[PDB]
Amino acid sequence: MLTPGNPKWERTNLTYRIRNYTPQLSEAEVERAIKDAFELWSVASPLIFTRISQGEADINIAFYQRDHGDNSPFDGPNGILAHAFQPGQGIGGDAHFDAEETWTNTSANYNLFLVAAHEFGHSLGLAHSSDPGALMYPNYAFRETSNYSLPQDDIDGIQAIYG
């Protein structure tokens, strides 16, 4: 449980698609950040994420600037980094990233893998944690990524929804 209304996916093998990229990183680096972000949740649950290259996926990932069609505009550099929709059809599950950020795979603001991993919590039905060590805490902070695994609070959360 946790996002109000307990929205959750009805099946556990979900597809994803990366619709576009960011000039800040190579295409492979974005693919890797996203893949590894999904795998964080997969190893703590029965969820299995399968990538498609084109067409209709459960979870769309894209980089957009300012107004981008969903009435939740981005805000330029810094501030809002990304957002994601609760499980559901259509825009449900989808994760958008502010294309005006410096996106990294380093300690420098902002690490794409960490932001994506947080947003995918929302895509799967988690709200914010009050545990300051949780991935689902409301404010971004860098932590070491080379061997990263979900903080225990986030494991508690995904298990509460999906086992």
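Position 1 is the first residue in the sequence shown; the rest follow in order.
With 119 to 127 and 66 to 74 compared on mean CA B-factor from the PDB entry, the stretch scoring higher is 66 to 74.
For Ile158, the recorded CA B-factor ranks within the lowest third of the chain. Only modelled residues enter the ranking. In this PDB entry, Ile91 carries a Cα temperature factor that places it within the highest third of its chain's modelled residues. Among all modelled residues in this chain, the alpha-carbon of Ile18 has a temperature factor (C-alpha) in the lowest third. Placement of the Cα temperature factor of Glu27 within the chain: highest third of the modelled residues, per the deposited record. Annotation for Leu40: CA B-factor lies in the middle third of the chain's modelled residues.
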